[PDB]
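Student:
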Amino acid sequence: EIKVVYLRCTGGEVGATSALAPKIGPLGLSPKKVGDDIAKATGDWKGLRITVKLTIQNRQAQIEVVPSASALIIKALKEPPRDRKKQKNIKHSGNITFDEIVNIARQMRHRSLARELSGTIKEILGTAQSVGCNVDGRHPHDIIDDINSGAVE
RNA sequence: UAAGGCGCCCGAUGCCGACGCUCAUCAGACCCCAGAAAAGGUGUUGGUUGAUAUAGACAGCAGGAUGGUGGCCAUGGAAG
Numbered sequence: 009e010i011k012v013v014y015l016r017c018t019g020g021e022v023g024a025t026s027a028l029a030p031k032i033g034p035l036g037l038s039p040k041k042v043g044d045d046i047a048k049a050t051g052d053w054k055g056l057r058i059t060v061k062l063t064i065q066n067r068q069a070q071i072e073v074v075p076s077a078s079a080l081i082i083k084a085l086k087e088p089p090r091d092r093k094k095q096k097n098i099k100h101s102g103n104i105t106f107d108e109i110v111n112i113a114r115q116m117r118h119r120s121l122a123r124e125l126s127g128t129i130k131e132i133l134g135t136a137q138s139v140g141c142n143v144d145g146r147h148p149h150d151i152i153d154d155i156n157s158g159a160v161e
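First residue of the first sequence: 9, per the authors' numbering; consecutive thereafter.
(1) Using only the alpha-carbon positions, how far apart do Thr59 and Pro30 sit?
(2) Mark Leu121 as exposed unless 16 or more other C-beta atoms lie within 10 angstroms of its C-beta, in which case mark it buried.
(3) In angstroms, rounded to a whole number, what distance separates the CA positions of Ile151 and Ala113?
(4) Under 6 Å Cβ to Cβ from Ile71, same chain only, skipping five residues before and after it: list those, please.
(5) Taking C-beta to C-beta, are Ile104 and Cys141 nearer than 9 Å?
(6) Under 8 Å: do the segment 21-35 and the segment 72-80 share three or more Cβ pairs, one atom per stretch?
(7) Can you name the residues that DSSP bridges to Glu21?
(8) Cα separation between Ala159 and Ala69?
(9) Go through its chain and collect everything with a Cβ distance to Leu62's Cβ below 6 Å, but skip five positions before and after it.
(10) Once DSSP output is grouped into helix, strand and coil, what is the label at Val110?
(11) For the beta strand (DSSP E) that contains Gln70, what are its first and last residues?
(12) Where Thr128 and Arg119 are concerned, what is the direct C-alpha to C-alpha distance, given to the nearest angstrom?
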């Protein structure tokens, strides 16, 4: 029977304290094989958590990845992924390109949960500061960039 | 007449007294004088000052009460 389950996975980094045997266990597939297939499928994040769905069947489960608007910004921030020790105050420092902002805006538009494309850029800029980064100036300046200099199609 | 008094002891309001204030399960009641403070009261009576009201109050009841987002630096999970 077709069943969907949502897992806030670690991504490519394989987890030791797993919460996968509580859910997939009564469904049928080996939860250690569950943890191994998810870590191979996401891949390109390798440092980030993604809320991925698992469209499971009776014989084997399959993988389809759903990135969030906050999940796609930290993806573009090319930072070196570190070791397990996880040094404190990792809060990111860098510059994001303005083309990538429309790239999620077109991606959020295809996911079809938003305002028209003009309104998509503000709800991704409203989360860019929630990611904790700036584009040559924070969203206060981007409100200035939104009005009378809108690069919207 | 003074200072004191004038329900009764106890002489004098047995004034058609005036206007208020206060309810005390510890009421209060006249210099020296014989007993109380800080603090507090949505008890009640005054005031002071500043805001709210046909561009609609204050309660009251009944309705949205979400959303990018189940935000992330993330803690096994924290999605108000």
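Yeah, the Cβ is synthetic: ideal placement off N, Cα and C, and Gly gets one too.
Tutor: Short version:
(1) 17 Å
(2) exposed
(3) 16 Å
(4) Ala49
(5) yes
(6) no
(7) DSSP lists no partner for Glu21.
(8) 42 Å
(9) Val13, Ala69
(10) helix
(11) 69-72
(12) 11 Å
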